[PDB]
Amino acid sequence: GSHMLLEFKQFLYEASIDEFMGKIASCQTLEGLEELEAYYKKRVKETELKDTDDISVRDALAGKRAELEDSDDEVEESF
């Protein structure tokens, strides 16, 4: 069946944004987005993330961060 093309961009350039942009768009909490932000920083030495993931996802993750930071009304700091 299907496998990595080994000599092309395409399989990586789908890789970048396949669930992660959803995972941040769904993060529901800045405190979680920030854990996603640490998990992004934890991961991308363990793999590669090219240019493509980093901009697309960060601009979204940071995209959400401002929203979520408006949404700072989170657990125990405000119950």
# chains A, B, ... in the order shown; residues from 1 in each chain; ligands from 1
$ residues_around --residues "region 21-33 of chain A" --least-positions-apart "5" --cutoff "10 Å" --atoms "only C-alpha atoms" --output "list in words"
residues 16, 38, 39, 40, 53, 56, 57, 58, 59, 60, 61, 62, 63, 64, 65, 66, 67, 68, 69, 70, 71, 72, 73, 74 and 75 of chain A
$ write_last_selection --atoms "N, CA, C and O atoms" --output "mmCIF file, in the first residue's frame"
data_model
loop_
_atom_site.group_PDB
_atom_site.id
_atom_site.type_symbol
_atom_site.label_atom_id
_atom_site.label_comp_id
_atom_site.auth_asym_id
_atom_site.auth_seq_id
_atom_site.Cartn_x
_atom_site.Cartn_y
_atom_site.Cartn_z
ATOM 1 N N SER A 16 2.478 18.267 8.476
ATOM 2 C CA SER A 16 2.727 19.435 9.300
ATOM 3 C C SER A 16 1.476 19.866 10.090
ATOM 4 O O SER A 16 1.542 20.320 11.229
ATOM 5 N N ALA A 38 4.314 23.859 24.519
ATOM 6 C CA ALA A 38 5.429 23.117 25.039
ATOM 7 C C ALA A 38 5.590 21.787 24.286
ATOM 8 O O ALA A 38 6.705 21.435 23.929
ATOM 9 N N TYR A 39 4.508 21.060 23.991
ATOM 10 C CA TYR A 39 4.546 19.788 23.255
ATOM 11 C C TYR A 39 5.078 19.943 21.804
ATOM 12 O O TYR A 39 5.834 19.106 21.319
ATOM 13 N N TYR A 40 4.787 21.080 21.159
ATOM 14 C CA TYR A 40 5.377 21.558 19.898
ATOM 15 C C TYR A 40 6.890 21.708 20.096
ATOM 16 O O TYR A 40 7.686 21.104 19.384
ATOM 17 N N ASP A 53 5.408 23.459 8.764
ATOM 18 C CA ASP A 53 4.647 23.211 9.992
ATOM 19 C C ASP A 53 4.758 24.434 10.872
ATOM 20 O O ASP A 53 3.754 24.978 11.326
ATOM 21 N N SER A 56 2.781 27.625 9.786
ATOM 22 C CA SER A 56 1.343 27.450 9.612
ATOM 23 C C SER A 56 0.627 27.243 10.940
ATOM 24 O O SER A 56 -0.377 27.881 11.263
ATOM 25 N N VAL A 57 1.192 26.305 11.696
ATOM 26 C CA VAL A 57 0.794 25.948 13.037
ATOM 27 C C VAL A 57 1.071 27.035 14.038
ATOM 28 O O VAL A 57 0.174 27.402 14.772
ATOM 29 N N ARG A 58 2.257 27.661 14.035
ATOM 30 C CA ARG A 58 2.532 28.685 15.051
ATOM 31 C C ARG A 58 1.620 29.863 14.876
ATOM 32 O O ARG A 58 1.121 30.395 15.851
ATOM 33 N N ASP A 59 1.410 30.279 13.638
ATOM 34 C CA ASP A 59 0.652 31.514 13.429
ATOM 35 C C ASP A 59 -0.804 31.368 13.906
ATOM 36 O O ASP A 59 -1.469 32.353 14.217
ATOM 37 N N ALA A 60 -1.305 30.134 13.818
ATOM 38 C CA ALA A 60 -2.522 29.587 14.395
ATOM 39 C C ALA A 60 -2.525 29.369 15.908
ATOM 40 O O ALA A 60 -3.506 29.640 16.577
ATOM 41 N N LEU A 61 -1.453 28.808 16.451
ATOM 42 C CA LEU A 61 -1.233 28.501 17.844
ATOM 43 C C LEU A 61 -1.068 29.781 18.638
ATOM 44 O O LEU A 61 -1.865 30.084 19.507
ATOM 45 N N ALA A 62 -0.165 30.643 18.163
ATOM 46 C CA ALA A 62 -0.122 32.053 18.539
ATOM 47 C C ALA A 62 -1.396 32.828 18.160
ATOM 48 O O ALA A 62 -1.797 33.778 18.837
ATOM 49 N N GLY A 63 -2.029 32.391 17.073
ATOM 50 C CA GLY A 63 -3.304 32.833 16.538
ATOM 51 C C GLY A 63 -4.374 32.749 17.612
ATOM 52 O O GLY A 63 -5.017 33.739 17.957
ATOM 53 N N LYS A 64 -4.495 31.534 18.160
ATOM 54 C CA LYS A 64 -5.355 31.156 19.261
ATOM 55 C C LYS A 64 -4.907 31.744 20.589
ATOM 56 O O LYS A 64 -5.725 32.062 21.432
ATOM 57 N N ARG A 65 -3.610 31.881 20.816
ATOM 58 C CA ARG A 65 -3.048 32.286 22.094
ATOM 59 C C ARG A 65 -3.635 33.611 22.512
ATOM 60 O O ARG A 65 -4.264 33.675 23.547
ATOM 61 N N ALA A 66 -3.659 34.584 21.608
ATOM 62 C CA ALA A 66 -4.273 35.887 21.884
ATOM 63 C C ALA A 66 -5.758 35.782 22.244
ATOM 64 O O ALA A 66 -6.262 36.558 23.057
ATOM 65 N N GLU A 67 -6.465 34.849 21.605
ATOM 66 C CA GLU A 67 -7.896 34.633 21.820
ATOM 67 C C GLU A 67 -8.137 34.105 23.215
ATOM 68 O O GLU A 67 -9.056 34.487 23.935
ATOM 69 N N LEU A 68 -7.321 33.107 23.514
ATOM 70 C CA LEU A 68 -7.308 32.338 24.730
ATOM 71 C C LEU A 68 -6.884 33.093 25.975
ATOM 72 O O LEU A 68 -7.264 32.773 27.091
ATOM 73 N N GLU A 69 -5.998 34.052 25.747
ATOM 74 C CA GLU A 69 -5.441 35.036 26.640
ATOM 75 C C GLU A 69 -6.440 36.153 26.940
ATOM 76 O O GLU A 69 -6.460 36.721 28.031
ATOM 77 N N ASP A 70 -7.295 36.448 25.955
ATOM 78 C CA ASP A 70 -8.594 37.110 26.201
ATOM 79 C C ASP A 70 -9.509 36.175 27.000
ATOM 80 O O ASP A 70 -10.339 36.628 27.787
ATOM 81 N N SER A 71 -9.305 34.862 26.828
ATOM 82 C CA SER A 71 -10.096 33.828 27.510
ATOM 83 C C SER A 71 -9.444 33.340 28.837
ATOM 84 O O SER A 71 -9.683 32.223 29.294
ATOM 85 N N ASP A 72 -8.586 34.177 29.456
ATOM 86 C CA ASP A 72 -7.736 33.897 30.645
ATOM 87 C C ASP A 72 -8.500 33.440 31.918
ATOM 88 O O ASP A 72 -7.891 32.987 32.888
ATOM 89 N N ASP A 73 -9.836 33.570 31.903
ATOM 90 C CA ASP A 73 -10.883 33.110 32.844
ATOM 91 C C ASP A 73 -10.940 31.579 33.083
ATOM 92 O O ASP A 73 -11.969 30.915 32.914
ATOM 93 N N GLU A 74 -9.792 31.014 33.434
ATOM 94 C CA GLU A 74 -9.479 29.574 33.567
ATOM 95 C C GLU A 74 -9.417 29.090 35.030
ATOM 96 O O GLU A 74 -9.511 29.888 35.970
ATOM 97 N N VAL A 75 -9.293 27.771 35.212
ATOM 98 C CA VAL A 75 -9.367 27.067 36.511
ATOM 99 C C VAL A 75 -8.486 27.683 37.607
ATOM 100 O O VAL A 75 -7.336 28.057 37.375
#
$ select_by_dssp --residues "chain A" --states "helix (DSSP H, G or I)" --output "ChimeraX atom specification"
/A:10-15,20-25,30-43,52-70
$ atom_distance --atom1 "CA of residue 50 (chain A)" --atom2 "CA of residue 12 (chain A)"
8.2 Å
